[PDB]
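J.: quick one: initial chain(s) of a complex, as found there:
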Amino acid sequence: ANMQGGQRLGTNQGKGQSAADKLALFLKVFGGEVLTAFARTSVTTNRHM
């Protein structure tokens, strides 16, 4: 069935830590691109003096 003694890098373990989260020790990284608000276009520039 399930493997015995498998290496668990994510589990926090520790003396006082809960270790309930299986992904605790892993940390998030920056995504590829920063999200920016959509550009707003000017309409009146060529419509008056």
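T.: Arrived safely, thanks for sending. Residues are numbered from 1 along each chain as shown, chains lettered A, B, ... in the order given.
J.: Now the terminal residues of stretch A:10-28, how far apart.
T.: Length of stretch A:10-28, first residue to last, Cα to Cα, to the nearest Å: 12 Å.
J.: Now tell me what touches it from outside.
T.: Contact partners of stretch A:10-28, identified using Cβ atoms under 8 Å, 6 or more residues apart in numbering, comprise A:8, A:9. All C-beta atoms are positioned from the backbone trio N, CA, C, and that covers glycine.
J.: chain center to it: distance?
T.: Computed by Cα atoms, centre = their mean, to the nearest Å, the chain-centroid distance of stretch A:10-28 equals 17 Å.
J.: Also, this goes in as chain B:
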Amino acid sequence: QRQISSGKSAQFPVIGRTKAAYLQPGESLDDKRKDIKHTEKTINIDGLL
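T.: Next up, chain B placed on what we already have:
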């Protein structure tokens, strides 16, 4: 479909526009400033499929 390496999750930041204002002669720009809002978007990676 962006790609990352060695990450439990990926974070995407957003930027939130700004507003302009008039500066009278003798007024400091430091007295009227608002800043641009920031927050994050999280896409956490699932298990192995």
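J.: try the contacts of stretch A:10-28 again now we have chain B.
T.: Here stretch A:10-28 makes contact (Cβ atoms under 8 Å, 6 or more residues apart in numbering or on different chains) with A:8, A:9, B:7, B:8, B:9, B:10, B:11, B:42, B:44.
J.: rerun at 7 Å
T.: With contact meaning Cβ atoms under 7 Å, 6 or more residues apart in numbering or on different chains, stretch A:10-28 is reached by A:9, B:7, B:8, B:9, B:10, B:11.
J.: quick one: furthest residue from the center of chain A?
T.: In chain A, the residue that sits farthest from the middle, by Cα atoms, centre = their mean, is residue A:49; the gap is 49.8 Å.
J.: Residue B:46 - that's part of a helix, no?
T.: No. Residue B:46 is assigned coil when assessed by DSSP: H, G, I helix; E, B strand; the rest coil, not a helix.
J.: put chain C onto that model:
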Amino acid sequence: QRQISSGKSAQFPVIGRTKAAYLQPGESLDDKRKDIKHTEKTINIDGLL
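T.: To build on what is shown above, here is chain C added in:
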């Protein structure tokens, strides 16, 4: 419109699809593996018309 020679019938095998599952760490692929199903479709010829 197939053509056969020296046969009382012709059989056409079929292949089904498969599904995907998430493999948690410490879980073997053998326990949750489901085989792709198989069966046949047979077209037996009749006598002389």
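J.: Take the contacts of stretch A:10-28 again, chain C included.
T.: A:9, B:7, B:8, B:9, B:10, B:11.
J.: List only buried entries from those.
T.: Neighbour-count burial (16 or more other Cβ atoms under 10 Å in any protein chain shown) applied to the contacts of stretch A:10-28 gives B:7, B:10.
J.: Looking at the contacts of stretch A:10-28, which are in strands?
T.: Among the contacts of stretch A:10-28, the members falling in strands (DSSP state E) are B:9, B:10, B:11.
J.: In contact with residue B:42, which residues?
T.: Neighbouring residues of residue B:42 by Cβ under 7 Å, 6+ apart: B:9, B:11.
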